[PDB]
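Okay, input_18.txt now, which holds compact mmCIF, C-alpha atoms and all ligand atoms:
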# COMPACT_ATOMS: atom_id res chain seq x y z
CA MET A 1 -0.96 -13.80 18.28
CA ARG A 2 -0.29 -17.52 17.70
CA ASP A 3 -1.25 -19.53 14.58
CA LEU A 4 -2.93 -20.97 12.50
CA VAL A 5 -3.97 -19.80 10.01
CA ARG A 6 -4.40 -16.75 7.85
CA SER A 7 -5.85 -13.32 8.61
CA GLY A 8 -6.09 -10.03 6.60
CA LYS A 9 -7.27 -6.62 7.78
CA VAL A 10 -9.71 -5.21 5.23
CA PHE A 11 -9.73 -1.56 4.26
CA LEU A 12 -12.34 0.22 2.01
CA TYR A 13 -11.71 3.81 0.74
CA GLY A 14 -8.95 4.16 3.35
CA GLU A 15 -10.85 2.91 6.42
CA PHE A 16 -10.39 -0.40 8.27
CA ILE A 17 -13.78 -2.10 8.00
CA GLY A 18 -13.17 -5.77 9.05
CA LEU A 19 -11.25 -9.06 8.90
CA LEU A 20 -10.99 -11.84 6.35
CA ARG A 21 -9.63 -15.10 7.81
CA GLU A 22 -8.96 -18.57 6.50
CA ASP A 23 -8.85 -21.80 8.49
CA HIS A 24 -9.35 -25.59 7.90
CA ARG A 25 -13.12 -25.12 7.63
CA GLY A 26 -12.75 -22.17 5.24
CA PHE A 27 -13.33 -18.44 4.94
CA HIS A 28 -14.63 -15.86 7.34
CA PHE A 29 -15.41 -12.29 6.60
CA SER A 30 -16.63 -10.08 9.43
CA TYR A 31 -17.30 -6.33 9.80
CA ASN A 32 -15.81 -4.35 12.67
CA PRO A 33 -18.44 -3.83 15.39
CA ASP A 34 -18.31 -0.01 15.12
CA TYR A 35 -18.43 -0.08 11.35
CA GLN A 36 -21.55 1.54 10.33
CA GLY A 37 -20.59 2.66 6.85
CA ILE A 38 -21.00 1.74 3.21
CA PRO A 39 -21.20 -2.03 2.70
CA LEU A 40 -18.32 -3.80 0.94
CA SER A 41 -20.80 -5.47 -1.40
CA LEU A 42 -24.51 -6.25 -1.60
CA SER A 43 -23.51 -9.82 -0.55
CA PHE A 44 -22.22 -8.36 2.76
CA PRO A 45 -24.86 -6.31 4.54
CA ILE A 46 -23.54 -4.94 7.82
CA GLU A 47 -26.41 -6.44 9.85
CA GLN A 48 -25.54 -10.00 8.78
CA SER A 49 -21.90 -9.93 9.77
CA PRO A 50 -20.19 -12.31 10.31
CA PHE A 51 -20.15 -14.47 7.26
CA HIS A 52 -18.61 -17.94 6.89
CA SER A 53 -18.09 -20.16 3.88
CA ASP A 54 -16.28 -23.33 2.92
CA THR A 55 -15.14 -21.66 -0.27
CA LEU A 56 -13.79 -18.23 -0.96
CA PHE A 57 -16.60 -15.74 -1.01
CA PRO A 58 -17.44 -14.96 -4.65
CA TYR A 59 -17.00 -11.27 -3.95
CA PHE A 60 -13.39 -11.72 -2.78
CA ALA A 61 -12.60 -14.29 -5.46
CA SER A 62 -13.83 -11.63 -7.94
CA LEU A 63 -11.01 -9.20 -6.87
CA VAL A 64 -8.35 -11.48 -8.27
CA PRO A 65 -7.17 -10.07 -11.60
CA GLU A 66 -7.96 -12.03 -14.76
CA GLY A 67 -4.38 -11.55 -15.73
CA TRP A 68 -3.12 -13.63 -12.82
CA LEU A 69 -5.63 -16.39 -13.46
CA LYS A 70 -4.71 -16.55 -17.21
CA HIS A 71 -1.07 -16.89 -16.07
CA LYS A 72 -1.92 -20.45 -14.88
CA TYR A 73 -1.89 -22.22 -17.98
CA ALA A 74 1.01 -21.92 -18.17
CA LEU A 75 0.10 -24.80 -17.57
CA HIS A 76 -1.94 -25.93 -15.86
CA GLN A 77 -1.53 -25.06 -12.18
CA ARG A 78 -3.35 -25.20 -8.84
CA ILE A 79 -5.89 -22.53 -8.19
CA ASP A 80 -6.92 -24.20 -5.02
CA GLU A 81 -8.75 -21.24 -3.35
CA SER A 82 -6.08 -20.96 -0.72
CA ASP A 83 -3.99 -19.81 -3.70
CA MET A 84 -6.44 -17.03 -4.28
CA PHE A 85 -6.66 -16.05 -0.62
CA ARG A 86 -2.87 -16.02 -0.65
CA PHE A 87 -2.83 -13.69 -3.67
CA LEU A 88 -5.30 -11.39 -1.94
CA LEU A 89 -2.90 -11.30 1.02
CA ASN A 90 0.25 -10.81 -1.05
CA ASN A 91 -1.06 -7.91 -3.09
CA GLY A 92 -2.78 -6.44 -1.13
CA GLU A 93 -2.22 -2.68 -0.77
CA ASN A 94 -2.42 -1.91 -4.52
CA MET A 95 -4.45 -4.21 -6.78
CA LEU A 96 -8.07 -4.18 -5.73
CA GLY A 97 -9.61 -0.54 -5.24
CA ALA A 98 -10.36 -1.89 -1.67
CA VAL A 99 -7.22 -3.05 0.33
CA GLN A 100 -5.78 -5.94 2.54
CA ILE A 101 -2.80 -5.85 4.81
CA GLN A 102 -1.95 -9.28 6.15
CA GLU A 103 -2.34 -9.34 9.93
CA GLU A 104 1.23 -9.81 10.98
CA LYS A 105 3.09 -10.49 13.20
CA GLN A 106 1.61 -13.97 12.55
CL CL B 201 -21.86 6.99 4.86
CL CL B 202 -24.36 3.56 2.75
CL CL B 203 -22.19 -20.38 8.31
CL CL B 204 -21.46 -25.43 1.78
CL CL B 205 -19.82 -13.06 -1.94
Just dump the structure as structure tokens.
Ligand SMILES: [Cl-]
Ligand SMILES: [Cl-]
Ligand SMILES: [Cl-]
Ligand SMILES: [Cl-]
Ligand SMILES: [Cl-]
Amino acid sequence: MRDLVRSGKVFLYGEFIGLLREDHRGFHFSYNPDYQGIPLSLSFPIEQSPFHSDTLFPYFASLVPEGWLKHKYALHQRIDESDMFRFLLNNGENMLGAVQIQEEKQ
């Protein structure tokens, strides 16, 4: 691949289900074309994929732990929304009951 910007493969109960990408315009979740399976959330029915927003989908923003938000204050810091998408990408395999591996090499 060649940049920019940011892409994450999205796994649910072990299975690759789609791709969450950020760019200048914003955020893009989309389901794999052969993913018939349990929806990620009621906000993301399989028949409506893809989805696009100028701000981080509420569902994905919701996966960010309280704990990491409260750790800003101290005091006070950016939260940005790219900062949240970055957190999702940095952790990742272990902190969300669903999972995201950053699509690298990129
Ligand atoms: Cl099923
Ligand atoms: Cl189902
Ligand atoms: Cl749109
Ligand atoms: Cl809008
Ligand atoms: Cl949402």
Minimum-distance residue to ligand CL 202 (chain B), chosen among A:101, A:73, A:42, A:65 (using all atoms listed in the file) = A:42
request  = Would you list the residues that come within 9 Å of ligand CL 204 (chain B)? Count all atoms listed in the file and give the answer as a VMD selection string.
outcome  = chain A and resid 53 to 55
inquiry  = Could you list, as JSON, numbers by chain, all residues that come within 7 Å of ligand CL 202 (chain B)? Count all atoms listed in the file.
reply    = {"A": [37, 38, 39]}
Same residues, C-alpha atoms, saved as a short mmCIF file (atom, residue, chain, number, x, y, z; two decimals), keeping the file's coordinate frame:
data_model
loop_
_atom_site.label_atom_id
_atom_site.label_comp_id
_atom_site.auth_asym_id
_atom_site.auth_seq_id
_atom_site.Cartn_x
_atom_site.Cartn_y
_atom_site.Cartn_z
CA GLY A 37 -20.59 2.66 6.85
CA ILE A 38 -21.00 1.74 3.21
CA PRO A 39 -21.20 -2.03 2.70
#
message = Let me see if you get this right: every residue at most 12 Å from ligand CL 203 (chain B), counting only C-alpha atoms and all ligand atoms, written as a ChimeraX atom specification.
response = /A:25-30,48-55,57
As AutoDock Vina command-line options: centre and edge lengths in Å, one decimal, of the axis-aligned box holding region 50-64 of chain A with 8 Å per side:
--center_x -14.3 --center_y -16.3 --center_z 1.0 --size_x 27.8 --size_y 30.1 --size_z 34.6
message = Taking only C-alpha atoms and all ligand atoms into account, which residues have an atom no farther than 6 Å from ligand CL 205 (chain B)? I'd like them as a PyMOL selection string.
response = chain A and resi 43+57-59
Just C-alpha atoms for this one: save the residues we selected as a short mmCIF file (atom, residue, chain, number, x, y, z; two decimals), in the coordinates of the input.
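Done, and the output landed in result_23.cif:
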data_model
loop_
_atom_site.label_atom_id
_atom_site.label_comp_id
_atom_site.auth_asym_id
_atom_site.auth_seq_id
_atom_site.Cartn_x
_atom_site.Cartn_y
_atom_site.Cartn_z
CA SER A 43 -23.51 -9.82 -0.55
CA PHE A 57 -16.60 -15.74 -1.01
CA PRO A 58 -17.44 -14.96 -4.65
CA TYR A 59 -17.00 -11.27 -3.95
#
task = Quick one: pull the distance between CA of residue 63 (chain A) and CA of residue 96 (chain A), Å, one decimal.
result =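 Value for the CA of residue 63 (chain A)-CA of residue 96 (chain A) distance: 5.9 Å.
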query = Suppose you want the space between CA of residue 46 (chain A) and CA of residue 60 (chain A); what is it in Å?
reply =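 If I compute the distance from CA of residue 46 (chain A) to CA of residue 60 (chain A), I get 16.2 Å.
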CA of residue 15 (chain A) to CA of residue 102 (chain A), straight-line distance in Å =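 Going from CA of residue 102 (chain A) over to CA of residue 15 (chain A) covers 15.1 Å.
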inquiry  = When you count only C-alpha atoms and all ligand atoms, which of these residues is closest to ligand CL 201 (chain B): A:35, A:24, A:4, A:56?
reply    =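 Smallest distance to ligand CL 201 (chain B) is found for A:35.
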At most 9 Å from (-5.0, -10.7, -1.6), file frame, only C-alpha atoms: which residues, as a compact mmCIF listing (two decimals) with C-alpha atoms, in the coordinates of the input?
# COMPACT_ATOMS: atom_id res chain seq x y z
CA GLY A 8 -6.09 -10.03 6.60
CA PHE A 60 -13.39 -11.72 -2.78
CA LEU A 63 -11.01 -9.20 -6.87
CA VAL A 64 -8.35 -11.48 -8.27
CA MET A 84 -6.44 -17.03 -4.28
CA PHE A 85 -6.66 -16.05 -0.62
CA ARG A 86 -2.87 -16.02 -0.65
CA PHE A 87 -2.83 -13.69 -3.67
CA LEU A 88 -5.30 -11.39 -1.94
CA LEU A 89 -2.90 -11.30 1.02
CA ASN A 90 0.25 -10.81 -1.05
CA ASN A 91 -1.06 -7.91 -3.09
CA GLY A 92 -2.78 -6.44 -1.13
CA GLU A 93 -2.22 -2.68 -0.77
CA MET A 95 -4.45 -4.21 -6.78
CA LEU A 96 -8.07 -4.18 -5.73
CA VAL A 99 -7.22 -3.05 0.33
CA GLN A 100 -5.78 -5.94 2.54
CA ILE A 101 -2.80 -5.85 4.81
CA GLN A 102 -1.95 -9.28 6.15
query = Between A:44, A:13, A:68, A:31, which has the minimum distance to ligand CL 201 (chain B) (counting only C-alpha atoms and all ligand atoms)?
reply =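 Residue with the minimum atom-to-atom distance to ligand CL 201 (chain B): A:13.
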remark   = One residue among A:11, A:75, A:98, A:36 is nearest to ligand CL 201 (chain B) when using all atoms listed in the file, and that residue is A:36
ask   = Could you name the residues that touch residue 32 (chain A) at 6 Å or less, counting all atoms listed in the file, but leaving out those on the same chain fewer than 2 positions away, as an MDAnalysis selection string?
value = chainID A and resid 17:18 34:35
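Omitting residue 6 (chain A) and its sequence neighbours fewer than 2 positions away, and counting all atoms listed in the file, the residues within 7 Å are residues 4, 21, 22 and 23 of chain A.
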As an mmCIF file, in the frame of the given file, please: region 56-89 of chain A completed to N, CA and C atoms.
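So the final result, stored in out-v4.cif, reads:
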data_model
loop_
_atom_site.group_PDB
_atom_site.id
_atom_site.type_symbol
_atom_site.label_atom_id
_atom_site.label_comp_id
_atom_site.auth_asym_id
_atom_site.auth_seq_id
_atom_site.Cartn_x
_atom_site.Cartn_y
_atom_site.Cartn_z
ATOM 1 N N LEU A 56 -14.043 -19.640 -0.893
ATOM 2 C CA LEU A 56 -13.790 -18.230 -0.960
ATOM 3 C C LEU A 56 -15.005 -17.464 -1.479
ATOM 4 N N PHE A 57 -15.556 -16.652 -0.608
ATOM 5 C CA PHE A 57 -16.600 -15.740 -1.010
ATOM 6 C C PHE A 57 -16.442 -15.267 -2.459
ATOM 7 N N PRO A 58 -17.434 -15.512 -3.288
ATOM 8 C CA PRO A 58 -17.440 -14.960 -4.650
ATOM 9 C C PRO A 58 -16.983 -13.518 -4.783
ATOM 10 N N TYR A 59 -17.377 -12.662 -3.847
ATOM 11 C CA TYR A 59 -17.000 -11.270 -3.950
ATOM 12 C C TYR A 59 -15.466 -11.137 -3.896
ATOM 13 N N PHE A 60 -14.840 -11.800 -2.924
ATOM 14 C CA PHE A 60 -13.390 -11.720 -2.780
ATOM 15 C C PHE A 60 -12.699 -12.483 -3.914
ATOM 16 N N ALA A 61 -13.198 -13.635 -4.301
ATOM 17 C CA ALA A 61 -12.600 -14.290 -5.460
ATOM 18 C C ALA A 61 -12.652 -13.370 -6.664
ATOM 19 N N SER A 62 -13.678 -12.527 -6.761
ATOM 20 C CA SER A 62 -13.830 -11.630 -7.940
ATOM 21 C C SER A 62 -12.718 -10.550 -8.028
ATOM 22 N N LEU A 63 -12.059 -10.243 -6.917
ATOM 23 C CA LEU A 63 -11.010 -9.200 -6.870
ATOM 24 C C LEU A 63 -9.701 -9.671 -7.455
ATOM 25 N N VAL A 64 -9.572 -10.952 -7.701
ATOM 26 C CA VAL A 64 -8.350 -11.480 -8.270
ATOM 27 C C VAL A 64 -8.270 -11.118 -9.768
ATOM 28 N N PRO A 65 -7.171 -10.480 -10.200
ATOM 29 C CA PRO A 65 -7.170 -10.070 -11.600
ATOM 30 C C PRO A 65 -7.143 -11.243 -12.570
ATOM 31 N N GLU A 66 -7.943 -11.115 -13.627
ATOM 32 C CA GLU A 66 -7.960 -12.030 -14.760
ATOM 33 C C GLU A 66 -6.565 -12.396 -15.144
ATOM 34 N N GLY A 67 -5.771 -11.375 -15.403
ATOM 35 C CA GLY A 67 -4.380 -11.550 -15.730
ATOM 36 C C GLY A 67 -3.611 -12.580 -14.952
ATOM 37 N N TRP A 68 -3.866 -12.683 -13.659
ATOM 38 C CA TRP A 68 -3.120 -13.630 -12.820
ATOM 39 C C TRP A 68 -3.708 -15.044 -12.939
ATOM 40 N N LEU A 69 -5.007 -15.122 -13.180
ATOM 41 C CA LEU A 69 -5.630 -16.390 -13.460
ATOM 42 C C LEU A 69 -5.133 -16.910 -14.815
ATOM 43 N N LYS A 70 -5.260 -16.128 -15.902
ATOM 44 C CA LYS A 70 -4.710 -16.550 -17.210
ATOM 45 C C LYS A 70 -3.233 -16.988 -17.152
ATOM 46 N N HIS A 71 -2.452 -16.446 -16.239
ATOM 47 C CA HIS A 71 -1.070 -16.890 -16.070
ATOM 48 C C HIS A 71 -0.950 -18.242 -15.365
ATOM 49 N N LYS A 72 -1.935 -19.119 -15.526
ATOM 50 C CA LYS A 72 -1.920 -20.450 -14.880
ATOM 51 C C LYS A 72 -2.685 -21.338 -15.835
ATOM 52 N N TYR A 73 -1.908 -22.176 -16.509
ATOM 53 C CA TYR A 73 -1.890 -22.220 -17.980
ATOM 54 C C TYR A 73 -1.216 -20.904 -18.399
ATOM 55 N N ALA A 74 0.089 -20.790 -18.173
ATOM 56 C CA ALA A 74 1.010 -21.920 -18.170
ATOM 57 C C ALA A 74 1.214 -22.572 -16.832
ATOM 58 N N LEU A 75 0.902 -23.872 -16.667
ATOM 59 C CA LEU A 75 0.100 -24.800 -17.570
ATOM 60 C C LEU A 75 0.201 -26.197 -17.025
ATOM 61 N N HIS A 76 -0.874 -26.715 -16.451
ATOM 62 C CA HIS A 76 -1.940 -25.930 -15.860
ATOM 63 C C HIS A 76 -1.466 -25.941 -14.408
ATOM 64 N N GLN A 77 -1.948 -25.032 -13.571
ATOM 65 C CA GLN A 77 -1.530 -25.060 -12.180
ATOM 66 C C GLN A 77 -2.710 -25.060 -11.200
ATOM 67 N N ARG A 78 -2.406 -25.374 -9.943
ATOM 68 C CA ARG A 78 -3.350 -25.200 -8.840
ATOM 69 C C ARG A 78 -4.006 -23.854 -8.948
ATOM 70 N N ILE A 79 -5.264 -23.799 -8.544
ATOM 71 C CA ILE A 79 -5.890 -22.530 -8.190
ATOM 72 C C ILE A 79 -6.561 -22.631 -6.827
ATOM 73 N N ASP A 80 -6.946 -23.837 -6.431
ATOM 74 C CA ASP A 80 -6.920 -24.200 -5.020
ATOM 75 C C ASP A 80 -7.986 -23.455 -4.203
ATOM 76 N N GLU A 81 -7.952 -22.115 -4.227
ATOM 77 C CA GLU A 81 -8.750 -21.240 -3.350
ATOM 78 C C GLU A 81 -7.995 -20.698 -2.160
ATOM 79 N N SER A 82 -7.098 -21.495 -1.603
ATOM 80 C CA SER A 82 -6.080 -20.960 -0.720
ATOM 81 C C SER A 82 -5.073 -20.155 -1.542
ATOM 82 N N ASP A 83 -4.945 -20.491 -2.822
ATOM 83 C CA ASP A 83 -3.990 -19.810 -3.700
ATOM 84 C C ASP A 83 -4.455 -18.428 -3.995
ATOM 85 N N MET A 84 -5.762 -18.305 -4.143
ATOM 86 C CA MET A 84 -6.440 -17.030 -4.280
ATOM 87 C C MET A 84 -6.433 -16.177 -3.030
ATOM 88 N N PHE A 85 -6.734 -16.771 -1.881
ATOM 89 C CA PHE A 85 -6.660 -16.050 -0.620
ATOM 90 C C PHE A 85 -5.227 -15.620 -0.390
ATOM 91 N N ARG A 86 -4.267 -16.416 -0.840
ATOM 92 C CA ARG A 86 -2.870 -16.020 -0.650
ATOM 93 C C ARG A 86 -2.576 -14.789 -1.544
ATOM 94 N N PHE A 87 -3.062 -14.797 -2.777
ATOM 95 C CA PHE A 87 -2.830 -13.690 -3.670
ATOM 96 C C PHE A 87 -3.434 -12.440 -3.058
ATOM 97 N N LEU A 88 -4.687 -12.537 -2.631
ATOM 98 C CA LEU A 88 -5.300 -11.390 -1.940
ATOM 99 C C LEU A 88 -4.385 -10.842 -0.863
ATOM 100 N N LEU A 89 -3.770 -11.729 -0.081
ATOM 101 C CA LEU A 89 -2.900 -11.300 1.020
ATOM 102 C C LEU A 89 -1.578 -10.745 0.531
#
